2 protein chains.
Amino acid sequence: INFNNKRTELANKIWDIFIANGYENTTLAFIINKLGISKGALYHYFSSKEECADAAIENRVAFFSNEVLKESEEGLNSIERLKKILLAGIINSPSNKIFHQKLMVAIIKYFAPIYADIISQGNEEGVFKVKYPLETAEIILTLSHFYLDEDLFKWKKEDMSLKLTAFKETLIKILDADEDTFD
Amino acid sequence: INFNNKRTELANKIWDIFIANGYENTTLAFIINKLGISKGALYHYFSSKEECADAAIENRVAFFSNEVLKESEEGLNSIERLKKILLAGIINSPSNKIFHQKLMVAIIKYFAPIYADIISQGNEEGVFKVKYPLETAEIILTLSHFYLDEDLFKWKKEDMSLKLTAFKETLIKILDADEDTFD
Ligand code: NA
Ligand code: NA
């Protein structure tokens, strides 16, 4: 109620600490020293380092997604809204890969309804023909955040151009959109 | 050369230890005690617990994928090969989620050429019309191993039926296959 305002202020600061310093190497002692708080002050809001990460991620993605909705120009068609939202954006140790995975999952879950809305708008305009708008939104986001992640798959830098092309091709098929939609 | 035969025999045994006991809670001391080997015997083949996991995963997936190729019936059409291969199959703490992620990534990388071959066969038969066979194979596997993973996304059990339906719909669009292909 009031506890929520304080917890998210800290989560925001923890985000900056995890990004700037890495998740694996950030200790609860480093966090509290950097924040200027005690162990007790931290344990009042979080039970673990994982919860600190989840709170940092939730608040960052909740913010980023809300700033996409407020920045959305009134009356834009679905094709332009899709193009605009696709261009949006905020060591590879096992724990650092978990922080990245958590972030991909949160982005997918927060952006899926926005993309679902765009897809539904396009079905109504007659530019797409998608049977399952929310599932298709989640499908697209999974491809953009897992398949196009070169660090996840250790994809070669010279192969990324073909993956983006293949991604656009897939988007066209899935949406039943015109072939020149993403040109 | 000869070192490889021994290393993969251990990797196979480590796999069983990680599955039966969980990755997070499996200590290097538990591994060596269960295997009947010394710390030195283990450090001769692996530098870390992560490398033990990667070796266990590589050898399991390399095996599983090779047993799919040997079990493949001679002269099956692409539609039946696809249906057959789709039915194939071997705590949620941060480290356990890494073991699972590593496994998903290895399955995708080992099975992609098999699915690419099936897709190419179908393009030749005239049952599919896919511009990028290997990228499309990787796209499909990403959806079956990330999007359909209810533990990754914490999807509701009652929503899984719609996700499978949406997955099949997507497969049909991506492959340019007939609508009754997966019935
Ligand atoms: Na859903
Ligand atoms: Na590739």
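Quick note: the coordinates plus some simple rules give every number you see, no bench work behind them. Cβ: placed from backbone, ideal geometry, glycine included. Neighbour counts: every protein chain shown.
Do you know which residues across the stretch A:149-171 are surrounded by 17 or more Cβ atoms within 10 Å (Cβ to Cβ), among the aliphatic types (A, V, I, L, M) and either within 16 Å of ligand 1 (Cβ to nearest atom) or farther than 18 Å from B:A106 by Cα (or both)? Hits for the stretch A:149-171 are A:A166, A:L171. Return the residues of the stretch A:1-15 that are exposed (fewer than 14 other Cβ atoms within 10 Å of the Cβ) and assigned to a helix (DSSP H, G or I); say none if nothing qualifies. Once the filter is applied, which keeps residues that are exposed (fewer than 14 other Cβ atoms within 10 Å of the Cβ) and assigned to a helix (DSSP H, G or I), the stretch A:1-15 yields A:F3, A:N4, A:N5, A:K6, A:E9. Inclusion of B:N66 among residues that are of a type in the set (S, T, N, Q), under 14 Å from the mean Cα position of the chain (by Cα) and either part of a helix (DSSP H, G or I) or surrounded by 11 or more Cβ atoms within 10 Å (Cβ to Cβ) (or both) is warranted.
Quickly run through the stretch A:69-90 and pick out the residues that are part of a loop (DSSP other than H, G, I, E, B) and over 15 Å from the mean Cα position of the chain (by Cα). Talk me through it step by step, then tell me what you get.
Keep residues of the stretch A:69-90 that are part of a loop (DSSP other than H, G, I, E, B), which gives A:72-77, A:87-90.
Once the filter is applied, which keeps residues that are part of a loop (DSSP other than H, G, I, E, B) and over 15 Å from the mean Cα position of the chain (by Cα), the stretch A:69-90 yields A:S72, A:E73, A:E74, A:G75, A:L76, A:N77.
Beta carbons closer than 6 Å, at least 6 apart along the sequence or on distinct chains, pair a first residue in the stretch B:127-143 that is charged (D, E, K, R) with a second that is within 12 Å of ligand 2 (Cβ to nearest atom) for B:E135/A:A166; B:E138/B:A112.
Exactly one residue out of B:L171, B:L152 is more than 10 Å from chain A (Cβ to nearest Cβ), within 25 Å of A:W155 (Cα to Cα) and not small (G, A, S): that is B:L171. Once the stretch A:124-148 is narrowed to residues that are among the hydroxyl-bearing types (S, T, Y) and within 16 Å of ligand 1 (Cβ to nearest atom), the residue that is farthest from B:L141 (Cα to Cα) is A:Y132. Against the conditions (1) surrounded by fewer than 14 Cβ atoms within 10 Å (Cβ to Cβ); (2) on the phi < 0 side of the Ramachandran plot, A:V127 satisfies every one except (1). When B:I31, B:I19 are screened for being crowded, with 19+ Cβ neighbours inside 10 Å, of a type in the set (V, I, T), away from every other protein chain (no Cβ under 14 Å) and part of a helix (DSSP H, G or I), only B:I31 passes. Summed over the stretch A:155-168, the residues that are more than 10 Å from chain B (Cβ to nearest Cβ), charged (D, E, K, R) and under 26 Å from B:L103 (Cβ atoms) give a count of 2. Residues in the stretch B:55-93 that are more than 17 Å from B:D16 (Cβ to Cβ) and hydrophobic (A, V, I, L, M, F, W, C): B:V68, B:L69, B:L76, B:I79, B:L82, B:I85, B:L86, B:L87, B:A88, B:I91. Among the residues of the stretch A:45-55, those identified as surrounded by 14 or more Cβ atoms within 10 Å (Cβ to Cβ) and within 14 Å of another protein chain (Cβ to nearest Cβ) are A:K49, A:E50, A:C52, A:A53, A:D54.
For the stretch B:174-183, the tally of residues that are surrounded by 19 or more Cβ atoms within 10 Å (Cβ to Cβ) and either at the interface with chain A (Cβ under 8 Å from one of its Cβ atoms) or within 16 Å of ligand 1 (Cβ to nearest atom) (or both) stands at 1. Going by the conditions given, is B:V105 more than 18 Å from B:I174 (Cβ to Cβ) and aliphatic (A, V, I, L, M)? Here the answer is yes, as B:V105 does meet what is asked. Counting the residues of the stretch A:98-117 that are more than 16 Å from ligand 1 (Cβ to nearest atom) and either touching a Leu at 6+ places or on another chain (Cβ under 9 Å) or more than 9 Å from chain B (Cβ to nearest Cβ) (or both) gives 4. Look at (1) within 16 Å of ligand 2 (Cβ to nearest atom); (2) away from chain A (no Cβ under 12 Å); (3) buried (at least 18 other Cβ atoms within 10 Å of the Cβ) and you find that B:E135 fails only one, number (2). The selection criterion, being in contact with a helix residue (DSSP H, G or I) (Cβ under 9 Å, 6 or more places away or on another chain), assigned to a helix (DSSP H, G or I) and either within 19 Å of A:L148 (Cβ to Cβ) or of a type outside the set (A, V, I, L, M, F, W, C) (or both), does not hold for B:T181.
Mind listing just one residue for me: the one in the stretch B:91-132 that is within 16 Å of ligand 2 (Cβ to nearest atom) and small (G, A, S) and, of those, farthest from the chain's Cα centre (by Cα)? So the residue we want is B:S120.
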